[PDB]
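# Curious how this folds, go ahead:
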Amino acid sequence: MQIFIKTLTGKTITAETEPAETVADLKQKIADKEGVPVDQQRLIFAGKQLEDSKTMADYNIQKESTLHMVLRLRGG
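Numbering: from 1, shown residues only. Structure data below:
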């Protein structure tokens, strides 16, 4: 039950997450991966803002579901 995620750079990111922490997982995973706080990392689906209280099952998005990953450096 894994999905496909792509970034602005065209990178391919694919990893399975929990139905209870779908966004939080990608937020923390990428947070420590880029060295930035989850506050700077957000997930969007076709223009849909996903919150920590939302998951793939919630948006009924699966099966090679396309996702968007945006990363920004801290400055302050």
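# Can you give me the buried ones in stretch 18-31?
Under the neighbour-count criterion of 16 or more other C-beta atoms under 10 Å, stretch 18-31 has 22, 23, 24, 25, 26, 27, 30, 31 buried. Quick note: C-beta positions are derived from backbone N, CA and C, even for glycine.
# For it, give me every contacting residue.
5, 15, 17, 36-38, 40-43, 50-52, 54-58, 69, 71 (C-beta atoms under 8 Å, 6 or more residues apart in numbering).
# mind running it again at 10 Å?
1, 3, 5, 7, 13, 15-17, 33, 36-43, 50-59, 61, 67, 69-71 (C-beta atoms under 10 Å, 6 or more residues apart in numbering).
# Now residue 62. Nearest residue, chain neighbours left out?
Once flanking residues are discounted, residue 62 sits nearest to residue 56: 5.5 Å by C-beta to C-beta, 6 or more residues apart in numbering.
# Strands of this structure, start to end?
For the chain, strands defined by DSSP state E occupy the ranges 4-7, 12-13, 42-45, 48-50, 66-70.
# The second one pairs with which strands?
By that I understand strand 12-13. Here strand 12-13 has these sheet partners by DSSP bridges: strand 4-7 (antiparallel).
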